[PDB]
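This report concerns only the one structure given below.
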Amino acid sequence: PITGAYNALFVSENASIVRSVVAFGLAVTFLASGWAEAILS
Amino acid sequence: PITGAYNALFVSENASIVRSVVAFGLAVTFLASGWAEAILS
Amino acid sequence: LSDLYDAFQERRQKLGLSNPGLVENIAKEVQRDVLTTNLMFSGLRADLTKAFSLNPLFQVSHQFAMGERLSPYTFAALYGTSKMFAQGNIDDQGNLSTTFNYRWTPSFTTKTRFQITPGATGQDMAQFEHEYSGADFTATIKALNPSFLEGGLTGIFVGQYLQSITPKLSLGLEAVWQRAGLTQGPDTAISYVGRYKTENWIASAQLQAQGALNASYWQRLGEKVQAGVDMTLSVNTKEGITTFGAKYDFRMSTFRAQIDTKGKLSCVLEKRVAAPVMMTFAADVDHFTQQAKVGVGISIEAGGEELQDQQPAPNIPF
Amino acid sequence: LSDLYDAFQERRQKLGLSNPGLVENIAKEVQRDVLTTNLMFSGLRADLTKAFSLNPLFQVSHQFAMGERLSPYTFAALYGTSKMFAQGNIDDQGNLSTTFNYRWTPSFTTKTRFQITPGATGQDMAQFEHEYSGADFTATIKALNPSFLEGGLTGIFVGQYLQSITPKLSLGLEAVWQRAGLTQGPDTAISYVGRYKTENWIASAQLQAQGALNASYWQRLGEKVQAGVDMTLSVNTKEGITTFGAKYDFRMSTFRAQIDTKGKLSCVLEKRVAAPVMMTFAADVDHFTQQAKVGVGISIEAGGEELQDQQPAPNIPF
Amino acid sequence: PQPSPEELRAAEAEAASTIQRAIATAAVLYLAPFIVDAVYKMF
Amino acid sequence: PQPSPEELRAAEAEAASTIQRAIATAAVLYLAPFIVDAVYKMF
Amino acid sequence: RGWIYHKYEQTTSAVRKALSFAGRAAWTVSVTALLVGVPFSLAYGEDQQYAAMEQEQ
Amino acid sequence: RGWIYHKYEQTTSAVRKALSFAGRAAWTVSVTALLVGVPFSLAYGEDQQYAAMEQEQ
Amino acid sequence: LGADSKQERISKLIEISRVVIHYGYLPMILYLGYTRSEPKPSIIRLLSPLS
Amino acid sequence: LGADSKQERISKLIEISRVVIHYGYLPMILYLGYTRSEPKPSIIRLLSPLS
Ligand SMILES: C[C@@H]1CC[C@@]2(OC1)O[C@H]1C[C@H]3[C@@H]4CC=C5C[C@@H](OCCC(CO)CO)CC[C@]5(C)[C@H]4CC[C@]3(C)[C@H]1[C@@H]2C
Ligand SMILES: C[C@@H]1CC[C@@]2(OC1)O[C@H]1C[C@H]3[C@@H]4CC=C5C[C@@H](OCCC(CO)CO)CC[C@]5(C)[C@H]4CC[C@]3(C)[C@H]1[C@@H]2C
Ligand SMILES: C[C@@H]1CC[C@@]2(OC1)O[C@H]1C[C@H]3[C@@H]4CC=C5C[C@@H](OCCC(CO)CO)CC[C@]5(C)[C@H]4CC[C@]3(C)[C@H]1[C@@H]2C
Ligand SMILES: C[C@@H]1CC[C@@]2(OC1)O[C@H]1C[C@H]3[C@@H]4CC=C5C[C@@H](OCCC(CO)CO)CC[C@]5(C)[C@H]4CC[C@]3(C)[C@H]1[C@@H]2C
Ligand SMILES: C[C@@H]1CC[C@@]2(OC1)O[C@H]1C[C@H]3[C@@H]4CC=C5C[C@@H](OCCC(CO)CO)CC[C@]5(C)[C@H]4CC[C@]3(C)[C@H]1[C@@H]2C
Ligand SMILES: C[C@@H]1CC[C@@]2(OC1)O[C@H]1C[C@H]3[C@@H]4CC=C5C[C@@H](OCCC(CO)CO)CC[C@]5(C)[C@H]4CC[C@]3(C)[C@H]1[C@@H]2C
Ligand SMILES: C[C@@H]1CC[C@@]2(OC1)O[C@H]1C[C@H]3[C@@H]4CC=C5C[C@@H](OCCC(CO)CO)CC[C@]5(C)[C@H]4CC[C@]3(C)[C@H]1[C@@H]2C
């Protein structure tokens with residue numbers, strides 16, 4: 016199970032894409048949820 | 016006359032030495048004469 | 021006939037649309053205001069600017085620089101007016117970049133740019149841009165190195181369109197046509213763009229038909245703080270990079286910091302050390318190689334209070 | 021017999037001589053206080069220092085750096101006492117530099133230094149120094165990598181002597197003996213030094229018997245300004270370089286600038302941006318190549334007011 | 008290698024069609040706000 | 008090439024003499040302030 | 062005997078790699094806090110002084 | 062004719078070298094005044110503010 | 021296009037225009053500024069960096 | 021020198037000493053500080069950068 020999440024994230028032809036897409040999803044939810052404002056502002 | 020001062024200062028085997036010795040003589044007289052203090056202080 | 025146009029134009033305006041701006045500005049808030057990409061540099065830089073008038077705008081600028089791909093010296097002068105803007109700058113090596121924008125109509129403006137390298141070296145580019153700004157859309161066509169001397173059209177032609185769909189949503193299109201060599205066949209690319217803009221946040225996406233996708237999100241985190249995210253996917265191998274950054278506006282300084290998936294950390298601090306003097310510190314750090322690039326720059330503005338009586342010419346076509 | 025020694029020692033002291041200090045400090049005022057040579061660096065640097073006590077002196081330091089020939093990380097710790105000073109620092113690559121100074125007598129002190137590189141890489145140096153400071157002279161002998169296992173002495177032996185001739189004039193001598201390989205013959209060099217020191221100015225010269233000559237002049241230009249000149253002649265081709274520089278002492282900052290005959294301009298600005306934080310900006314400009322190297326560094330001192338009650342241990346043998 | 012004369016016709020035709028469908032796309036976008044507004048009227 | 012056994016003796020002898028004249032120089036310097044003071048007494 | 066030496070080899074290699082990663086992680090965290098926290102703290106600190114001169118009015 | 066062209070060649074080459082030197086000299090002078098005058102003016106200017114707070118006592 | 025000779029002509033026009041832009045464009049901007057700015061600066065001040 | 025064997029011995033002593041200095045010198049300085057500094061800091065504070 017977790018091996019299918021790790022391999023596709025660090026040792027696959029498309030692994031570079033997945034990291035950037037995941038970082039985008041986390042960064043937007045960080046900002047839009049208000050957690051960024053409560054910490055950075 | 017001046018050719019003997021220019022050649023020995025820029026186009027001779029020892030030309031590098033003469034420039035440094037001249038710069039030292041000018042810099043020390045600049046400081047010791049009080050002209051440096053009247054300008055830099 | 022006007023009978024249809026009258027009902028069409030009236031119904032058009034009833035929806036409260038507004039001009040969505042240029043396609044190239046669809047991500048300005050993230051890529052230019054928040055991210056450091058356009059401010060990063062290395063080495064030493066000093067800009068000396070003298071302003072001679074504000075209306076018409078006329079100023080002279082001297083840049084001294086010593087750094088990576090920074091020309092030792094660059095002279096620049098610009099003249100601006102409510103209907104026109106002329107700007108020119110030349111390097112110590114004779115590289116001349118020029119700009120000439122003129123407003124034929126308050127809605128139609130022509131932008132011409134020339135890059136003239138030394139005669140033997142390089143290649144010279146001529147760019148003619150025609151921008152039309154309507155009540156709710158913008159249309160643009162760029163012709164770069166157009167040529168018809170070989171008996172057929174040649175060069176790069178870019179068509180741009182951005183349309184307001186709702187007061188917040190704008191959708192757009194980009195089309196390119198290329199035929200540098202008549203012997204070679206034309207090559208054409210189409211890119212789709214769109215943007216959703218609200219008061220506190222802006223979302224944008226650019227999708228190249230070839231596979232690349234660039235999405236950005238900007239959000240204001242209070243009065244003095246704003247942050248943004250920029251994702252770029254390239255599939256021409267597959268490569269993707271996401272940059273997250275924030276910008277802080279203080280009373281005398283602006284601090285920008287960003288981190289990206291490739292482990293590069295960079296920050297830019299601009300601080301008003303004096304009324305005419307602005308200091309800039311830029312630092313880029315690559316965590317995989319542990320290498321840092323430091324840039325220190327200064328900007329000075331001679332004109333000061335002498336010309337404050339004048340106020341800047343309105344809507345100069347920069 | 022003491023009969024001669026008593027008259028000799030009494031007559032010796034009647035001339036009002038004083039200790040001239042170490043031979044290596046004969047040009048400290050120019051080469052270390054005024055010139056930037058020892059402060060120049062490039063890239064980013066940050067030093068984090070925690071002081072745990074002042075008597076005995078004990079502090080821990082962490083340096084982070086990203087730049088030309090700057091090790092990414094360096095841990096350091098030092099312990100000092102009126103009779104001893106132990107200091108050690110290790111790079112992220114395992115390069116260990118150590119110092120251990122001990123005062124056998126208030127006039128006699130032993131300095132031992134070790135540089136231990138990774139085992140396969142580099143070479144390890146062991147330096148044993150013995151300094152004697154008399155009423156009017158200093159004698160020093162350094163043995164670097166001494167070896168007798170091949171059946172004969174080997175290594176580098178440096179003898180140093182500096183003698184006060186008058187209350188202002190000091191003259192000295194330096195002698196070197198080298199025999200790295202027993203098969204190779206010993207090589208020996210002798211260098212003569214001297215210094216004339218007054219209240220407002222200091223003149224120094226070092227003359228290698230091989231032909232090199234280094235002269236320096238330092239002068240105080242008022243309470244806050246001091247300047248100096250450093251001339252180096254090498255005749256091993267013939268090469269000579271003269272460096273002129275000045276140092277300004279402000280209440281919160283120190284500015285150093287120097288120019289030299291090779292067209293290199295450099296300046297170092299150290300500014301106390303906060304009570305524990307000191308900023309350093311260093312910039313080197315080569316006018317013949319128009320290339321600049323920028324260094325930005327920070328120093329932070331955690332201990333602050335907690336330990337001010339203690340006062341530093343006297344005459345720690347740094 | 009260089010393209011043959013009949014390969015250029017194929018390339019020029021495909022390029023022209025893409026530019027025609029680009030202008031067709033702009034025509035739909037220009038009319039698009041009238042359609043989206045109609046959807047909101049139904050809701 | 009490597010030095011012969013008699014070339015090492017020559018090198019070792021010259022090196023020893025230089026170190027002996029270095030110590031001789033320090034001896035003169037150590038006594039030097041007594042001489043310079045004597046000169047000032049004459050003036 | 063050799064079984065312990067193999068475990069010693071497995072542990073020695075793995076721990077050296079563990080410390081190398083752990084050490085590298087501490088450096089990147091430290092360098093980031095310095096490069097971001099230093100300019101921010103100076104700019105933010107100065108802003109507070111200007112805010113003080115406004116509150117005193 | 063050719064005598065004027067030779068003088069034109071001698072002048073064109075020499076003037077181009079003259080401007081190159083003159084331009085290079087202005088740059089080195091300007092860069093030096095900037096690199097030295099900017100940090101000095103900021104440090105010296107700050108020192109004057111501290112001096113002001115002392116004179117006000 | 022009609023005459024190949026003409027194609028060289030047009031080619032010469034671009035090289036003529038290229039030189040005029042390279043040498044005359046910045047003087048043109050400076051001329052526009054100096055003669056139309058309000059007020060009119062001094063000829064030396066016109067290119068002075070900070071005086 | 022008397023026995024070549026002894027020369028290897030001395031050689032082994034230097035390599036023994038070299039390792040002890042490489043690993044033990046910095047812990048020695050830290051031990052001297054922690055146990056003799058006045059006052060005595062905390063074990064974590066002993067290597068803390070700025071706390
Ligand atoms: C397709 C790819 C998968 C990842 C992703 O697109 C790309 O999918 C999107 C789903 C989004 C979330 C949906 C709903 C909300 C609720 C909203 O409202 C809460 C109220 C707030 C006060 O304003 C706090 O109370 C907060 C934000 C959040 C969590 C979105 C965050 C961004 C997310 C994760 C987007 C992310 C970029
Ligand atoms: C051998 C090489 C040739 C160059 C040089 O050595 C190397 O030769 C030395 C000669 C020195 C000068 C001799 C006499 C004085 C008078 C003194 O007193 C004035 C009073 C003052 C108030 O204090 C002003 O009124 C000022 C200094 C000056 C000019 C010397 C300057 C340095 C000089 C130039 C030295 C220089 C370095
Ligand atoms: C060409 C491609 C088409 C997609 C795209 O360009 C590329 O074009 C935009 C369409 C946008 C969405 C449209 C509408 C809404 C409703 C809004 O509602 C919040 C509350 C609100 C009431 O609805 C307040 O009253 C939440 C966000 C969302 C889903 C947008 C997200 C960003 C999107 C996906 C943008 C995306 C970049
Ligand atoms: C091994 C080499 C020997 C030379 C040297 O080291 C190298 O050793 C020093 C000897 C110094 C000179 C000795 C004495 C004086 C008299 C003094 O008088 C001012 C007024 C005064 C009354 O005399 C006040 O009362 C002026 C300067 C001068 C000439 C010295 C200049 C610097 C010299 C040359 C130094 C030089 C570096
Ligand atoms: C061997 C190497 C060659 C370079 C050098 O030695 C080393 O040669 C020396 C010459 C020295 C100067 C000689 C005399 C004076 C006059 C004095 O002023 C007091 C006034 C007094 C006489 O004027 C009557 O009142 C100030 C000092 C100064 C300028 C000396 C400075 C140091 C100098 C430049 C030394 C320089 C470092
Ligand atoms: C964990 C690692 C080490 C520590 C660190 O993270 C990484 O933690 C951060 C805390 C920062 C300090 C917080 C507050 C200020 C006050 C400001 O203003 C004072 C004005 C003065 C006027 O006299 C008194 O009012 C000056 C700077 C200073 C001391 C910061 C310096 C940098 C520090 C040490 C940062 C450093 C990067
Ligand atoms: C010829 C070339 C261009 C110009 C130049 O030489 C080369 O000439 C120098 C003059 C310098 C300025 C002199 C005085 C100050 C005041 C100081 O303090 C103000 C504090 C503020 C608080 O609000 C008002 O009190 C700030 C800096 C500034 C403006 C200097 C900037 C750099 C300048 C422009 C230097 C520059 C390098």
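Line order of the protein sequences matches chains G, H, A, B, E, F, C, D, I and J. When the letters of the first sequence are read in order and numbered with PDB author numbering, they come out as residues 16 to 56. When the letters of the second sequence are read in order and numbered with PDB author numbering, they come out as residues 16 to 56. When the letters of the third sequence are read in order and numbered with PDB author numbering, they come out as residues 21 to 256, 265, 267 to 347. When the letters of the fourth sequence are read in order and numbered with PDB author numbering, they come out as residues 21 to 256, 265, 267 to 347. When the letters of the fifth sequence are read in order and numbered with PDB author numbering, they come out as residues 8 to 50. When the letters of the sixth sequence are read in order and numbered with PDB author numbering, they come out as residues 8 to 50. When the letters of the seventh sequence are read in order and numbered with PDB author numbering, they come out as residues 62 to 118. When the letters of the eighth sequence are read in order and numbered with PDB author numbering, they come out as residues 62 to 118. When the letters of the ninth sequence are read in order and numbered with PDB author numbering, they come out as residues 21 to 71. When the letters of the tenth sequence are read in order and numbered with PDB author numbering, they come out as residues 21 to 71. Don't be surprised by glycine CBs; every beta carbon is placed ideally from N, CA and C.
- Between the alpha carbons of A20/E and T208/A lies a gap of roughly 11 Å.
- Contact between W88/D and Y93/A is confirmed by a C-beta separation of about 6 Å, below the 8 Å threshold.
- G269, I270, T271, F273, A275 and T290: these are the residues of the segment 269-290 of chain A whose beta carbon lies less than 7 Å from some beta carbon of chain G, given in chain order.
- At a beta-carbon threshold of 9 Å, the residues of chain B lying near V36/H are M251, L253, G269 and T271, ordered along the chain.
- If you compare the alpha carbons of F168/A, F128/A, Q113/A and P343/A with that of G142/A, the shortest gap goes to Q113/A.
- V26/G carries a coil assignment under DSSP once its states are collapsed to helix, strand and coil.
- Annotation for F28/B: no beta strand (DSSP E) segment contains it, though the alpha helix (DSSP H) segment containing it runs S22 to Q33.
- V314/A has a beta carbon lying within less than 8 Å of a beta carbon in chain B.
- Taking C-beta atoms as the reference points, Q287/B and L55/B count as a pair closer than 8 Å.
- Assigned with DSSP and collapsed to three states, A29/F falls in helix.
- Using a CB distance below 7 Å, the part of the segment 64-95 of chain C facing chain B consists of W88, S91, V92 and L95, ordered along the chain.
- Comparing alpha-carbon positions, the option among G36/B, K188/B, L202/B and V249/B lying closest to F168/B turns out to be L202/B.
- Between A275/B and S295/B, the CB-CB gap reaches or exceeds 8 Å.
- Residue side-chain check: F101/D keeps its Cβ at 7 Å or more from all non-hydrogen atoms of ligand 1.
- DSSP places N45/B in the helix class (H, G or I) of the three-state scheme.
- The residue from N121/A, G175/A and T137/A with its alpha-carbon nearest to that of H150/A is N121/A.
- Counting along the chain, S328/B sits inside the beta strand (DSSP E) bounded by residues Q320 to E330.
- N109/B is bridged by DSSP to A96/B and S117/B.
- Around the beta carbon of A104/D, 16 or more other beta carbons sit within 10 angstroms, so the residue counts as buried.
- Taking C-beta atoms as the reference points, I136/B and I34/J fail to come closer than 8 Å.
- As DSSP reads the structure, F84/B sits in a beta bridge with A66/B and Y93/B.
- Per DSSP, reduced to three states, the secondary structure at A146/B is strand.
- The C-alpha of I185/A is placed about 10 Å away from the C-alpha of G36/A.
- If you look at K162/A, you'll find it in the beta strand (DSSP E) that goes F157 to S167.
- Nearest to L182/B by alpha-carbon distance, out of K162/B, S153/B and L173/B, is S153/B.
- Taking 7 Å as the cut-off, one finds at least one heavy atom of ligand 7 near enough to the beta carbon of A304/A.
- Within chain B, no residue has its beta carbon less than 9 Å from that of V26/H; the closest one is some 14 Å off.
- In the three-state DSSP reduction, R34/G falls in the helix class (H, G or I).
- DSSP places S91/C within a helical segment (H, G or I) once states are collapsed to three.
- In this chain, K291/B is not harboured by any alpha helix (DSSP H), its DSSP state being neither H nor E.
- A distance of 8 Å or more separates the beta carbons of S211/A and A200/A.
- Cα atoms of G242/B and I327/B: separation of roughly 29 Å, rounded to the nearest angstrom.
- In the DSSP assignment, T309/B falls within the beta strand (DSSP E) that extends over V306 to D315.
- Contact between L191/A and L36/E holds: their C-beta atoms lie close to 6 Å from each other, under 8 Å.
- Look at the segment 23-34 of chain E: the residues with a C-beta under 7 Å from a C-beta of chain A are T25, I26, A29, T32 and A33.
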